[PDB]
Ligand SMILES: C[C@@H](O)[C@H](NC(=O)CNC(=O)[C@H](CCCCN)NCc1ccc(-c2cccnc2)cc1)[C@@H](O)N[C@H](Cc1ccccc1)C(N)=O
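Below you will find one chain, with nothing else, as structure tokens; this is the form solved without this ligand, and questions on how it binds or moves follow later.
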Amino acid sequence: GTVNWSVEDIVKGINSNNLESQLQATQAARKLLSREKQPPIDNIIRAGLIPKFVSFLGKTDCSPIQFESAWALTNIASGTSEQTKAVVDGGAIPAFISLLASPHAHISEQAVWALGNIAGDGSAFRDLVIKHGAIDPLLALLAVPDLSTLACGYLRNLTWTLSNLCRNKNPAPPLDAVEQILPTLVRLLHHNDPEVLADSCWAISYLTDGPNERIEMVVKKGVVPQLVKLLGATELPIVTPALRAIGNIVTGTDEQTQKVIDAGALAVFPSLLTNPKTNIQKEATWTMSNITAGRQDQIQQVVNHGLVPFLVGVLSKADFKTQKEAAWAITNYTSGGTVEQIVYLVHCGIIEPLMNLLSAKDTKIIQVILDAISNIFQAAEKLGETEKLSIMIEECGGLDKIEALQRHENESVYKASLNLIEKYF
């Protein structure tokens, strides 16, 4: 009946003076817009359909056209910014927020989905959705004693939409919207659905990707243990954002970092640091680097958890981007650690993999490494072990790489490189 219509038939039905004909054509439009396989979103836009779909959002009397049009508009809003912008420009936001109160769960879910596509576009539409008042009615949909009584696809959708209200950064969402949403987010984080968890962690990750005050808002909700637990999850879609969130938290203050340590995060890193997914390994190493940038007692926890050998292993063999985070983790460790922690690091075998990485055609990793070497030499000075270390660096072929790095055409490379050769070799 409504499969494979032309856009001009859809226009003809929508322009009829007949609510059923409009309904049928809207459903035809929706079935068209559901075939991706490149849905004809621009064709529908160019036909001038959007304002009509938006008006059908308000046909309370005709729940099915509300739904078809919601779905059509959802799918348009899923497109490019310009496509989402067409939907918004039609007045869809307030109309979708009204549909959130719909007694039809499939329609309010559709309105949720649409608003998630709109908010998903970026800061401006996110904040516009927020200004139109989406958050109360969104949150009210979750104001049930037990999230388990909600339909799964429904909950997943809310979670997803709410995560897009948490997302994007220039600017970050309004502080008061973040505060309004956080309690429901904390609750979704304890929900036993892997997708709701993935998206809750993503929302939390977006909220912690910011200045310390933003990190703090989240850390204060007491989420860090739950994040740490999610970090141990077997589902990579949960581990990925739990780790992003944890990682973001440790770029915060040493006190925020300590919350992650106290939550037991470091016990998961043997796994994460050897994780077969290179993204997790990279991000775990990055996370590591912002913990080794912390206090000596925090470096100590890294040591105590057995993590230095795992840093050495990542430094020895990892995807290059992970090796570069490991290099960072080591510089930070060496710049901030006690002499005994730094000696420890050397006893674990840091030197040969650090030296092997001086062979990398990447100028920032060389500077990070040379800088770690200097830090290590500085610790060796405090002990009169500069000779024992110089030999070590020389035996693994590290002197040859530092010597060859004076012929390097970079301001800090040849400067720190010549400084080391002249000072120790």
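Note that residue numbering follows the sequence shown and begins at 1.
Just so you know, the form deposited with this ligand bound exists too; it's not on screen, but the next bit is about it.
### Query
Looking at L189, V308, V250, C166, which has any heavy atom no more than 4.5 Å from this ligand in the deposited bound form?
The residue in contact is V250.
### Query
Out of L139, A293, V312, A263, which one falls within 4.5 Å of this ligand in the deposited bound form, going by heavy atoms?
Filtering the options by heavy-atom distance leaves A293.
### Task
Report whether the minimum heavy atom distance between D209 and this ligand in the deposited bound form is within 4.5 Å.
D209: yes, in contact with this ligand in the deposited bound form.
#### Entry: Close approach of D254 to this ligand in the deposited bound form, 4.5 Å, heavy atom
Close contact exists here: in the deposited bound form, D254 approaches this ligand to within 4.5 Å, heavy atoms only.
### Task
Decide whether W328 counts as a contact residue for this ligand in the deposited bound form under a heavy atom distance cut-off of 4.5 Å.
Residue-level check for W328: yes, a contact with this ligand.
### Message
Please tell me whether any heavy atom belonging to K259 falls inside 4.5 Å of a heavy atom of this ligand, as the geometry stands in the deposited bound form.
### Response
It does not: once this ligand is placed as it appears in the deposited bound form, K259 has no heavy atom within 4.5 Å of it.
### Task
Tell me the stretch among 346-354, 234-242, 181-189, 320-328 that has any heavy atom within 4.5 angstroms of this ligand in the deposited bound form.
Single hit among the candidates: 320-328.
### Task
Please state whether all three residues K282, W286 and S289 have a non-hydrogen atom within 4.5 angstroms of this ligand in the deposited bound form.
Affirmative, all three are within 4.5 Å.
### Message
For the stretch 331-359, I need every residue with any heavy atom inside 4.5 Å of this ligand in the deposited bound form, listed N to C.
### Response
Sequence-ordered list has one entry, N332.
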